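A.B. asks: Input: one structure, supplied below.
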Amino acid sequence: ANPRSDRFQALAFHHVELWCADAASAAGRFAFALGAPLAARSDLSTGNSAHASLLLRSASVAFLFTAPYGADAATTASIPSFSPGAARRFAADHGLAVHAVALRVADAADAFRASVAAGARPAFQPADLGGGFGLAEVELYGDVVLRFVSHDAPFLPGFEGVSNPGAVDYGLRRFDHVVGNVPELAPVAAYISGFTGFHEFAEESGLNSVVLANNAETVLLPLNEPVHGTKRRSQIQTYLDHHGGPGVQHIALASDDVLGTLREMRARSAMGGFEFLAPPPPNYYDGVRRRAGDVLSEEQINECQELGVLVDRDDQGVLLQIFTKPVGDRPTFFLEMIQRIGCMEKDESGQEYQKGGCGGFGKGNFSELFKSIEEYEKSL
Amino acid sequence: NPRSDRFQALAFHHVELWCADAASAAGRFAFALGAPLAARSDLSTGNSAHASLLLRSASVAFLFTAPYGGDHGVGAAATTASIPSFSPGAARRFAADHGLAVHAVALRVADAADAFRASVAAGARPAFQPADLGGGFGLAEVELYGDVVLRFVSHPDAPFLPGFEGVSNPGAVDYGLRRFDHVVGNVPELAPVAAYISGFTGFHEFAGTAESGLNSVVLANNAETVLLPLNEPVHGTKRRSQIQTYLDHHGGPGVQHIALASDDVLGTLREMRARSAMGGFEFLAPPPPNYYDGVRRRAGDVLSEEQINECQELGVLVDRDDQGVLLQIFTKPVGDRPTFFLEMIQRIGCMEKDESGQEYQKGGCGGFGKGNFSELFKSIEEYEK
Ligand SMILES: Cc1ccccc1-n1c(=O)c2c(C)c(C(=O)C3=C(O)CCCC3=O)ccc2n(C)c1=O
Ligand SMILES: Cc1ccccc1-n1c(=O)c2c(C)c(C(=O)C3=C(O)CCCC3=O)ccc2n(C)c1=O
Ligand SMILES: [Co+2]
Ligand SMILES: [Co+2]
């Protein structure tokens with residue numbers, strides 16, 4: 001029973017801005033690793049002297065990589081919410097980490113001011129990019145910012161489109177959820193739920209969890225916090241140790257055939273692509289046949305077996321998922337490849353949709369994987 | 001050749017690029033250059049000081065190194081760094097100033113302590129006093145042009161470097177890169193640094209005047225294995241020099257490009273250009289067709305019909321020395337700044353069974369493509385008709 005209490009029309013994820021020291025290398029690696037070609041650029045090739053921005057896109061998922069180069073007349077920046085000192089500061093503290101999570105908004109001025117009184121500390125007050133585009137940014141958590149942008153039409157003013165025949169598309173379709181790790185969960189969760197109006201979500205390894213979501217449950221913002229005192233310390237705390245503060249832990253990418261796409265992503269893992277986490281032991285998939293065998297026939301399960309895809313269930317669907325290694329240098333930011341199978345409905349006027357968060361987020365895999373690891377460790 | 005080297009400049013060992021994200025730069029280079037990950041030294045190896053990845057393609061060894069966010073004091077003998085010359089502050093100031101640019105050019109020497117001593121005794125500025133990394137490995141570092149370092153490495157032999165866990169990725173393919181041909185620097189002013197370098201390294205000089213170019217001089221060791229060309233801009237020369245705009249965007253002197261030798265530059269380029277769409281290395285716009293009809297009248301006696309034809313599809317430049325032909329192609333700048341770029345070449349000929357009887361290959365066989373500054377100039381004007 002979501003309240004639909006969102007204080008601004010948050011439609012969907014617009015773009016995710018990463019900040020590095022060389023936006024060509026990171027975007028270059030993410031291009032073949034994810035299978036999303038270069039779609040837009042704001043560099044010296046476009047008259048931009050302040051920063052080099054490049055955008056990979058695979059349908060609706062749009063990664064943005066922004067690095068700096070300038071002076072006073074460097075008003076040529078496409079993004080006005082950009083600072084060279086902050087960009088170099090960010091690249092030294094966290095390596096390749098997410099700086100902005102941009103959402104689509106009815107109007108840039110409203111959602112900012114709807115949050116400026118709801119408790120959001122401002123980061124970039126609204127600005128008119130010209131011709132229907134407006135940009136706004138609030139602080140969210142840590143140094144990553146929540147960005148508001150409103151509207152064929154280009155990505156942003158100052159971005160020229162990129163054409164390529166390679167058309168390297170690995171079937172990736174949409175951003176699903178953007179998870180962030182913070183020291184204490186309660187204050188930042190009340191802060192984000194307070195200034196957005198977003199609600200919680202209904203559907204130990206060492207993580208205390210909470211998931212924010214909009215009315216349509218399409219803009220998912222899960223939050224994380226560690227649990228101290230464990231013999232082996234939580235992966236959230238070691239993140240906060242190596243990230244140097246709170247940040248975006250991972251980002252989920254939704255596909256409609258994540259098996260065939262993983263076959264393409266793993267093909268590039270040997271040549272500089274995304275090396276994936278070690279596949280679960282064989283007896284883990286003996287479980288998924290008992291758990292999800294009614295939804296997944298063997299051939300669909302066996303495609304998950306070699307590729308190492310994980311399987312977790314809620315009542316209204318099953319969630320295929322697989323995690324990458326830390327894509328950057330430090331054990332910090334990584335990527336989650338998922339596909340959700342279940343919970344359809346033609347309730348929205350007859351236009352069908354899938355209720356967001358279908359299948360959960362794989363929280364049950366902490367239990368079934370650790371047990372299958374111990375069950376396999378005994379058999380050797 | 002004078003044979004006046006103060007130390008045994010055996011060969012290129014590696015080129016170290018200092019960046020703020022080694023995993024991304026090494027990952028993109030491995031895909032674009034076809035050099036699989038052959039070694040790594042980071043947190044997974046016990047190295048809490050820096051993350052380092054070694055990209056390897058035969059002898060081509062690119063080393064990408066990025067610091068971690070930690071800040072250990074000067075009091076903290078018991079360090080965990082694989083490369084002891086690495087400092088966290090100089091790596092961040094290097095990434096903030098120059099972006100993605102190489103920081104060290106490593107020459108394999110007979111002995112590191114002796115290479116350092118012979119260098120500093122001839123006026124070399126010390127960068128890192130000699131050490132013994134363990135086993136038989138020895139390290140030494142002296143400056144050449146700016147923040148770039150002429151690192152000395154000494155294994156008389158074992159991995160790439162001690163503390164580096166070798167990586168063997170099954171299915172890892174290779175395009176055909178074999179050798180570092182030359183590492184070129186772009187220096188404020190040529191005469192001082194060329195006299196400075198040649199002084200402490202004992203290198204000698206090495207040898208079509210063009211209008212849209214620069215000034216240059218190439219240094220080389222005894223066997224001409226390692227080539228250290230140096231560039232200087234021309235001022236008051238109308239169009240913006242492609243060397244000064246480097247110094248303006250790079251923030252001082254640095255390494256302009258690196259030539260990578262190949263047995264089959266054609267087959268290697270055909271695989272590299274297949275990656276340019278998916279985040280690979282974008283190459284310069286191909287020369288107009290008048291160029292490749294002109295290379296037939298200049299190098300038709302030395303290249304087959306099919307060989308000249310395939311240089312045209314892949315956009316490879318052709319130049320001729322009296323001794324051999326040089327097929328070369330250049331990438332668009334690999335970083336965000338039009339700074340560091342890469343050069344893919346193959347040299348043809350210039351081999352003799354000197355001394356023992358091995359085939360050998362004369363260094364600089366074909367030159368460095370000096371005749372293409374002029375040849376490409378006319379081809380644009382002829383095409384702009
Ligand atoms: C624990 C661990 C160590 C080394 C590498 C990987 C892991 N690791 C995960 O990171 C992991 C994650 C990150 C999720 C996950 O996506 C998730 C959400 O999206 C938000 C709610 C909290 C949460 O955990 C689910 C299962 C996971 N599992 C099962 C796992 O093993
Ligand atoms: C200058 C320039 C601007 C925009 C795109 C392309 C170019 N460009 C080059 O960069 C270029 C280079 C860099 C070399 C080259 O490698 C070389 C050496 O390695 C050592 C001595 C200096 C030198 O010329 C040769 C020919 C070149 N040619 C023909 C060319 O057009
Ligand atoms: Co998730
Ligand atoms: Co060259």
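Labeling convention for the structure tokens: chains A, B, ... as they appear, residues from 1 per chain, ligands from 1 in order of appearance.
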Could you give me, as a ChimeraX atom specification, each residue of range 332-374 of chain A that DSSP assigns to alpha helix (DSSP H) when run on this structure's backbone?
C.D. replies: /A:365-374
A.B. asks: What would the file look like if the residues just selected were written as a short mmCIF file (atom, residue, chain, number, x, y, z; two decimals), in the first residue's frame with N, CA and C atoms?
C.D. replies:
```cif
data_model
loop_
_atom_site.label_atom_id
_atom_site.label_comp_id
_atom_site.auth_asym_id
_atom_site.auth_seq_id
_atom_site.Cartn_x
_atom_site.Cartn_y
_atom_site.Cartn_z
N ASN A 365 19.45 -14.21 -1.27
CA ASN A 365 20.67 -14.87 -1.72
C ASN A 365 21.77 -14.84 -0.67
N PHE A 366 21.72 -13.91 0.28
CA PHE A 366 22.65 -13.96 1.41
C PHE A 366 22.52 -15.29 2.15
N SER A 367 21.29 -15.77 2.33
CA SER A 367 21.07 -17.03 3.03
C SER A 367 21.46 -18.22 2.16
N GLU A 368 20.83 -18.34 0.98
CA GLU A 368 20.98 -19.56 0.19
C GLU A 368 22.38 -19.71 -0.38
N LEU A 369 23.07 -18.60 -0.66
CA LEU A 369 24.42 -18.72 -1.20
C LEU A 369 25.42 -19.13 -0.12
N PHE A 370 25.38 -18.45 1.03
CA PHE A 370 26.31 -18.80 2.11
C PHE A 370 26.13 -20.24 2.55
N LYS A 371 24.88 -20.72 2.61
CA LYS A 371 24.65 -22.12 2.94
C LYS A 371 25.21 -23.04 1.87
N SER A 372 24.98 -22.71 0.60
CA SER A 372 25.49 -23.54 -0.49
C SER A 372 27.01 -23.50 -0.56
N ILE A 373 27.63 -22.40 -0.12
CA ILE A 373 29.08 -22.35 -0.03
C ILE A 373 29.57 -23.30 1.06
N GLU A 374 28.94 -23.25 2.23
CA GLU A 374 29.31 -24.15 3.31
C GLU A 374 28.97 -25.60 2.97
#
```
A.B. asks: Give me, as a Markdown table, the closest atom pair and its distance (Å, one decimal) for every residue of chain A within a cut-off of 9 Å of chain B, counting only C-alpha atoms, rows sorted by chain and rising number.
C.D. replies:
```
| residue | atom | partner | partner_atom | distance |
| --- | --- | --- | --- | --- |
| A:20 | CA | B:20 | CA | 7.3 |
| A:21 | CA | B:20 | CA | 5.8 |
| A:22 | CA | B:336 | CA | 5.8 |
| A:23 | CA | B:336 | CA | 6.3 |
| A:24 | CA | B:336 | CA | 5.4 |
| A:25 | CA | B:25 | CA | 5.0 |
| A:26 | CA | B:24 | CA | 5.0 |
| A:27 | CA | B:279 | CA | 6.9 |
| A:28 | CA | B:279 | CA | 3.8 |
| A:29 | CA | B:28 | CA | 4.5 |
| A:30 | CA | B:279 | CA | 7.5 |
| A:31 | CA | B:279 | CA | 5.0 |
| A:32 | CA | B:278 | CA | 4.8 |
| A:33 | CA | B:278 | CA | 8.6 |
| A:35 | CA | B:278 | CA | 7.4 |
| A:36 | CA | B:278 | CA | 7.8 |
| A:37 | CA | B:278 | CA | 6.0 |
| A:38 | CA | B:279 | CA | 7.5 |
| A:43 | CA | B:336 | CA | 7.8 |
| A:44 | CA | B:337 | CA | 8.2 |
| A:51 | CA | B:336 | CA | 8.9 |
| A:52 | CA | B:336 | CA | 6.2 |
| A:53 | CA | B:336 | CA | 8.8 |
| A:67 | CA | B:336 | CA | 7.7 |
| A:68 | CA | B:336 | CA | 8.5 |
| A:69 | CA | B:337 | CA | 6.8 |
| A:88 | CA | B:96 | CA | 6.3 |
| A:91 | CA | B:20 | CA | 6.7 |
| A:92 | CA | B:92 | CA | 6.6 |
| A:93 | CA | B:69 | CA | 5.6 |
| A:94 | CA | B:69 | CA | 6.9 |
| A:95 | CA | B:21 | CA | 5.9 |
| A:96 | CA | B:21 | CA | 6.3 |
| A:164 | CA | B:277 | CA | 6.0 |
| A:165 | CA | B:277 | CA | 7.0 |
| A:166 | CA | B:277 | CA | 5.1 |
| A:167 | CA | B:277 | CA | 7.5 |
| A:168 | CA | B:278 | CA | 6.2 |
| A:242 | CA | B:69 | CA | 6.7 |
| A:243 | CA | B:69 | CA | 7.5 |
| A:244 | CA | B:69 | CA | 7.0 |
| A:267 | CA | B:171 | CA | 8.6 |
| A:268 | CA | B:31 | CA | 8.0 |
| A:269 | CA | B:169 | CA | 8.8 |
| A:270 | CA | B:172 | CA | 5.5 |
| A:271 | CA | B:31 | CA | 5.0 |
| A:272 | CA | B:27 | CA | 3.8 |
| A:273 | CA | B:27 | CA | 6.3 |
| A:274 | CA | B:27 | CA | 8.5 |
| A:327 | CA | B:23 | CA | 7.2 |
| A:328 | CA | B:23 | CA | 5.6 |
| A:329 | CA | B:23 | CA | 5.2 |
| A:330 | CA | B:68 | CA | 7.2 |
| A:331 | CA | B:43 | CA | 8.5 |
```
A.B. asks: Can I get the selected residues back with C-alpha atoms, as a CSV table (one decimal), in the first residue's frame?
C.D. replies:
```csv
chain,number,residue,atom,x,y,z
A,20,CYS,CA,36.6,10.5,-13.4
A,21,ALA,CA,39.9,11.9,-14.4
A,22,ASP,CA,39.6,10.6,-18.0
A,23,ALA,CA,36.0,10.4,-19.2
A,24,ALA,CA,37.1,8.8,-22.5
A,25,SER,CA,38.8,5.8,-20.9
A,26,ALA,CA,35.9,5.0,-18.4
A,27,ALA,CA,33.3,5.5,-21.1
A,28,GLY,CA,35.4,3.6,-23.5
A,29,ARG,CA,35.6,0.6,-21.2
A,30,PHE,CA,31.9,0.8,-20.2
A,31,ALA,CA,31.0,0.9,-23.9
A,32,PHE,CA,32.1,-2.6,-24.9
A,33,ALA,CA,31.7,-4.0,-21.3
A,35,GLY,CA,27.2,-3.0,-24.8
A,36,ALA,CA,25.9,0.6,-25.0
A,37,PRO,CA,27.4,2.7,-27.8
A,38,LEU,CA,28.5,6.3,-27.5
A,43,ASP,CA,33.9,18.0,-25.5
A,44,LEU,CA,36.2,20.3,-27.3
A,51,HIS,CA,34.7,19.7,-19.4
A,52,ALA,CA,34.6,16.5,-21.6
A,53,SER,CA,31.3,14.7,-21.3
A,67,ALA,CA,35.9,14.8,-16.7
A,68,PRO,CA,37.4,18.3,-16.6
A,69,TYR,CA,40.1,19.9,-18.9
A,88,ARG,CA,39.1,16.7,-9.5
A,91,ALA,CA,38.1,11.8,-8.7
A,92,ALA,CA,40.8,11.7,-6.0
A,93,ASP,CA,38.6,10.7,-3.1
A,94,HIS,CA,36.6,7.9,-4.7
A,95,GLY,CA,38.2,7.0,-8.0
A,96,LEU,CA,35.6,6.2,-10.6
A,164,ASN,CA,28.4,4.6,-35.2
A,165,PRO,CA,27.7,1.4,-37.3
A,166,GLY,CA,29.0,-1.0,-34.7
A,167,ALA,CA,25.6,-0.7,-32.8
A,168,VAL,CA,27.0,-2.7,-29.9
A,242,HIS,CA,37.7,2.7,0.6
A,243,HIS,CA,35.2,5.1,-0.9
A,244,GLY,CA,36.1,7.6,1.8
A,267,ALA,CA,32.7,-12.5,-23.9
A,268,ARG,CA,34.4,-9.1,-23.3
A,269,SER,CA,35.5,-9.9,-19.8
A,270,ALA,CA,38.7,-11.4,-21.0
A,271,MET,CA,39.5,-8.4,-23.1
A,272,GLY,CA,39.2,-5.6,-20.5
A,273,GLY,CA,35.5,-6.1,-19.9
A,274,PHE,CA,33.7,-6.5,-16.6
A,327,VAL,CA,34.3,-2.0,-11.8
A,328,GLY,CA,36.7,0.7,-10.6
A,329,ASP,CA,40.1,0.2,-8.9
A,330,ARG,CA,39.0,0.1,-5.3
A,331,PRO,CA,36.4,-2.4,-4.0
```
A.B. asks: Kindly compile the residues surrounding ligand 4 within 9 Å, counting only C-alpha atoms and all ligand atoms, and format them as a PyMOL selection string.
C.D. replies: chain B and resi 181-184+229+257-260+328+330+342-345+367-370
A.B. asks: List as a list in words the protein and nucleic acid residues near range 178-183 of chain A, meaning an atom at most 7 Å away when only C-alpha atoms are counted, but skip any in the same chain fewer than 2 places from it.
C.D. replies: residues 185, 220, 221, 222, 223, 224, 225, 236, 246, 247, 248, 249, 250, 251 and 252 of chain A
A.B. asks: Grab the CA of residue 18 in chain A to CA of residue 123 in chain A distance for me, in Å with one decimal place.
C.D. replies: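 Interatomic distance, CA of residue 18 in chain A to CA of residue 123 in chain A: 16.6 Å.
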A.B. asks: From the DSSP assignment of the backbone, select every residue of range 251-285 of chain B that is strand (DSSP E), and format the answer as JSON, numbers by chain.
C.D. replies: {"B": [254, 255, 256, 257, 258, 259, 260, 261, 262]}
A.B. asks: Could the residues in this selection be saved with N, CA and C atoms as an mmCIF file, in the first residue's frame?
C.D. replies:
```cif
data_model
loop_
_atom_site.group_PDB
_atom_site.id
_atom_site.type_symbol
_atom_site.label_atom_id
_atom_site.label_comp_id
_atom_site.auth_asym_id
_atom_site.auth_seq_id
_atom_site.Cartn_x
_atom_site.Cartn_y
_atom_site.Cartn_z
ATOM 1 N N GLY B 254 55.650 16.484 -21.893
ATOM 2 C CA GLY B 254 55.174 15.143 -21.656
ATOM 3 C C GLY B 254 55.478 14.254 -22.841
ATOM 4 N N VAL B 255 54.918 13.050 -22.806
ATOM 5 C CA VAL B 255 55.077 12.088 -23.890
ATOM 6 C C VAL B 255 53.922 12.264 -24.867
ATOM 7 N N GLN B 256 54.248 12.604 -26.115
ATOM 8 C CA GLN B 256 53.211 12.835 -27.115
ATOM 9 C C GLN B 256 52.553 11.528 -27.535
ATOM 10 N N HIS B 257 53.331 10.611 -28.101
ATOM 11 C CA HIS B 257 52.785 9.355 -28.586
ATOM 12 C C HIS B 257 53.795 8.240 -28.371
ATOM 13 N N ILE B 258 53.335 7.014 -28.597
ATOM 14 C CA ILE B 258 54.154 5.816 -28.483
ATOM 15 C C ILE B 258 53.958 4.991 -29.744
ATOM 16 N N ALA B 259 55.060 4.632 -30.396
ATOM 17 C CA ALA B 259 55.006 3.769 -31.566
ATOM 18 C C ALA B 259 55.075 2.315 -31.127
ATOM 19 N N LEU B 260 54.148 1.509 -31.633
ATOM 20 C CA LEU B 260 54.061 0.095 -31.297
ATOM 21 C C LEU B 260 54.320 -0.715 -32.559
ATOM 22 N N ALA B 261 55.398 -1.493 -32.551
ATOM 23 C CA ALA B 261 55.749 -2.292 -33.712
ATOM 24 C C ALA B 261 54.803 -3.482 -33.852
ATOM 25 N N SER B 262 54.685 -3.972 -35.083
ATOM 26 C CA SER B 262 53.802 -5.089 -35.381
ATOM 27 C C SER B 262 54.353 -5.863 -36.568
#
```
A.B. asks: Give me, please, the distance in Å between CA of residue 140 in chain B and CA of residue 112 in chain B, quoted to one decimal.
C.D. replies: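 Computed distance, CA of residue 140 in chain B to CA of residue 112 in chain B, equals 5.5 Å.
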A.B. asks: Please list as a list in words every residue within 8 Å of range 80-88 of chain B, counting only C-alpha atoms and excluding residues in the same chain fewer than 2 positions away.
C.D. replies: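 My list of contacting residues is residues 41, 46, 47, 48, 49, 50, 67, 68, 71, 78, 90, 91, 92, 128, 133, 141, 161, 162, 163 and 164 of chain B.
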A.B. asks: Suppose we keep N, CA, C and O atoms; can you now write the selection as a PDB file, in the first residue's frame?
C.D. replies:
```pdb
ATOM      1  N   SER B  41      48.781  -5.815  -9.405  1.00  0.00           N
ATOM      2  CA  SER B  41      49.278  -5.643  -8.041  1.00  0.00           C
ATOM      3  C   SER B  41      48.417  -4.574  -7.376  1.00  0.00           C
ATOM      4  O   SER B  41      48.604  -3.377  -7.616  1.00  0.00           O
ATOM      5  N   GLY B  46      47.739  -7.711  -1.893  1.00  0.00           N
ATOM      6  CA  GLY B  46      48.351  -7.208  -0.684  1.00  0.00           C
ATOM      7  C   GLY B  46      48.887  -5.800  -0.797  1.00  0.00           C
ATOM      8  O   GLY B  46      49.400  -5.268   0.195  1.00  0.00           O
ATOM      9  N   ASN B  47      48.782  -5.182  -1.972  1.00  0.00           N
ATOM     10  CA  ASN B  47      49.267  -3.824  -2.203  1.00  0.00           C
ATOM     11  C   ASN B  47      48.165  -2.851  -1.804  1.00  0.00           C
ATOM     12  O   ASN B  47      47.218  -2.621  -2.559  1.00  0.00           O
ATOM     13  N   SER B  48      48.287  -2.279  -0.611  1.00  0.00           N
ATOM     14  CA  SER B  48      47.360  -1.262  -0.137  1.00  0.00           C
ATOM     15  C   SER B  48      47.782   0.148  -0.526  1.00  0.00           C
ATOM     16  O   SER B  48      47.056   1.102  -0.228  1.00  0.00           O
ATOM     17  N   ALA B  49      48.929   0.302  -1.186  1.00  0.00           N
ATOM     18  CA  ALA B  49      49.441   1.621  -1.528  1.00  0.00           C
ATOM     19  C   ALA B  49      48.939   2.113  -2.880  1.00  0.00           C
ATOM     20  O   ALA B  49      48.667   3.309  -3.038  1.00  0.00           O
ATOM     21  N   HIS B  50      48.809   1.222  -3.860  1.00  0.00           N
ATOM     22  CA  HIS B  50      48.373   1.628  -5.188  1.00  0.00           C
ATOM     23  C   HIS B  50      47.844   0.417  -5.940  1.00  0.00           C
ATOM     24  O   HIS B  50      48.187  -0.730  -5.636  1.00  0.00           O
ATOM     25  N   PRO B  67      46.567   5.591  -7.479  1.00  0.00           N
ATOM     26  CA  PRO B  67      46.670   5.540  -6.019  1.00  0.00           C
ATOM     27  C   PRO B  67      45.329   5.255  -5.361  1.00  0.00           C
ATOM     28  O   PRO B  67      44.258   5.474  -5.930  1.00  0.00           O
ATOM     29  N   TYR B  68      45.412   4.755  -4.133  1.00  0.00           N
ATOM     30  CA  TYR B  68      44.244   4.586  -3.285  1.00  0.00           C
ATOM     31  C   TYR B  68      44.022   5.839  -2.444  1.00  0.00           C
ATOM     32  O   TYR B  68      44.914   6.677  -2.285  1.00  0.00           O
ATOM     33  N   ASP B  71      46.049   7.840   3.145  1.00  0.00           N
ATOM     34  CA  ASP B  71      47.062   8.877   3.363  1.00  0.00           C
ATOM     35  C   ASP B  71      47.952   8.424   4.519  1.00  0.00           C
ATOM     36  O   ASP B  71      47.679   8.725   5.684  1.00  0.00           O
ATOM     37  N   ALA B  78      57.838   0.000   6.569  1.00  0.00           N
ATOM     38  CA  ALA B  78      57.023  -1.181   6.294  1.00  0.00           C
ATOM     39  C   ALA B  78      55.829  -0.794   5.422  1.00  0.00           C
ATOM     40  O   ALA B  78      54.676  -0.761   5.855  1.00  0.00           O
ATOM     41  N   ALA B  90      52.156  12.653  -5.644  1.00  0.00           N
ATOM     42  CA  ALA B  90      52.633  12.897  -7.000  1.00  0.00           C
ATOM     43  C   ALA B  90      51.781  12.197  -8.048  1.00  0.00           C
ATOM     44  O   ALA B  90      51.808  12.597  -9.216  1.00  0.00           O
ATOM     45  N   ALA B  91      51.031  11.163  -7.661  1.00  0.00           N
ATOM     46  CA  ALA B  91      50.143  10.495  -8.605  1.00  0.00           C
ATOM     47  C   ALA B  91      48.830  11.247  -8.782  1.00  0.00           C
ATOM     48  O   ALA B  91      48.257  11.233  -9.878  1.00  0.00           O
ATOM     49  N   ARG B  92      48.340  11.904  -7.728  1.00  0.00           N
ATOM     50  CA  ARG B  92      47.119  12.692  -7.856  1.00  0.00           C
ATOM     51  C   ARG B  92      47.389  14.024  -8.545  1.00  0.00           C
ATOM     52  O   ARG B  92      46.589  14.468  -9.376  1.00  0.00           O
ATOM     53  N   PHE B 128      64.462   8.808  -8.037  1.00  0.00           N
ATOM     54  CA  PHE B 128      64.291   7.810  -6.985  1.00  0.00           C
ATOM     55  C   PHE B 128      65.578   7.009  -6.889  1.00  0.00           C
ATOM     56  O   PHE B 128      65.966   6.351  -7.860  1.00  0.00           O
ATOM     57  N   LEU B 133      64.087  -4.530  -5.532  1.00  0.00           N
ATOM     58  CA  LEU B 133      62.696  -4.914  -5.310  1.00  0.00           C
ATOM     59  C   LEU B 133      62.539  -6.322  -4.753  1.00  0.00           C
ATOM     60  O   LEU B 133      61.414  -6.708  -4.415  1.00  0.00           O
ATOM     61  N   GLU B 141      65.252   5.466 -10.980  1.00  0.00           N
ATOM     62  CA  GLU B 141      64.434   6.447 -11.682  1.00  0.00           C
ATOM     63  C   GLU B 141      65.166   7.776 -11.778  1.00  0.00           C
ATOM     64  O   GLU B 141      65.647   8.299 -10.769  1.00  0.00           O
ATOM     65  N   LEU B 161      57.332  -7.870 -12.317  1.00  0.00           N
ATOM     66  CA  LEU B 161      57.977  -7.232 -11.180  1.00  0.00           C
ATOM     67  C   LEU B 161      57.564  -7.994  -9.932  1.00  0.00           C
ATOM     68  O   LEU B 161      56.486  -8.598  -9.910  1.00  0.00           O
ATOM     69  N   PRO B 162      58.397  -8.003  -8.891  1.00  0.00           N
ATOM     70  CA  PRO B 162      58.001  -8.667  -7.643  1.00  0.00           C
ATOM     71  C   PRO B 162      56.742  -8.041  -7.063  1.00  0.00           C
ATOM     72  O   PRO B 162      56.537  -6.827  -7.133  1.00  0.00           O
ATOM     73  N   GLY B 163      55.892  -8.888  -6.488  1.00  0.00           N
ATOM     74  CA  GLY B 163      54.619  -8.440  -5.970  1.00  0.00           C
ATOM     75  C   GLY B 163      53.517  -8.329  -6.997  1.00  0.00           C
ATOM     76  O   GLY B 163      52.429  -7.843  -6.666  1.00  0.00           O
ATOM     77  N   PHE B 164      53.760  -8.762  -8.233  1.00  0.00           N
ATOM     78  CA  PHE B 164      52.770  -8.717  -9.304  1.00  0.00           C
ATOM     79  C   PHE B 164      52.270 -10.132  -9.566  1.00  0.00           C
ATOM     80  O   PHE B 164      53.031 -10.991 -10.026  1.00  0.00           O
TER      81      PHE B 164
END
```
A.B. asks: Just how far from CA of residue 311 in chain A is CA of residue 333 in chain A, in Å to one decimal?
C.D. replies: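 The value is 21.9 Å.
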A.B. asks: Pick out the residues sitting within 8 Å of range 198-204 of chain A, and hand them over as an MDAnalysis selection string; count only C-alpha atoms, and ignore anything fewer than 2 positions along from it in its own chain.
C.D. replies: chainID A and resid 2:7 192:194 196 206:207 210:215 314 357:360 366:367
A.B. asks: Determine, counting only C-alpha atoms, which protein, DNA and RNA residues have an atom within 7 Å of an atom of residue 324 in chain A; residues of the same chain fewer than 6 positions away are not included. Present the result as a JSON list (two decimals) with C-alpha atoms, in the first residue's frame.
C.D. replies:
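Here's the written file around_4.json:
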```json
[["chain", "number", "residue", "atom", "x", "y", "z"],
["A", 274, "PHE", "CA", 33.70, -6.52, -16.56],
["A", 275, "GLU", "CA", 35.01, -9.57, -14.75],
["A", 276, "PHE", "CA", 32.09, -11.06, -12.85],
["A", 277, "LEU", "CA", 31.94, -12.43, -9.32],
["A", 334, "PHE", "CA", 30.05, -2.29, -9.09],
["A", 335, "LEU", "CA", 27.12, -3.12, -11.35],
["A", 336, "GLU", "CA", 24.12, -5.45, -11.03]]
```
A.B. asks: Determine, counting only C-alpha atoms, which protein, DNA and RNA residues have an atom within 9 Å of an atom of residue 118 in chain B; residues of the same chain fewer than 6 positions away are not included. Present the result as a PyMOL selection string.
C.D. replies: chain B and resi 6-7+124+200-201
A.B. asks: Compare A:128, A:312, A:257, A:377 by their minimum atom-to-atom distance to ligand 1, counting only C-alpha atoms and all ligand atoms, and give me the closest one.
C.D. replies: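 Between A:128, A:312, A:257, A:377, the residue approaching ligand 1 most closely is A:312.
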A.B. asks: Quick one: of B:355, B:313, B:5, B:211, who's nearest to residue 109 in chain B, counting only C-alpha atoms?
C.D. replies: B:5
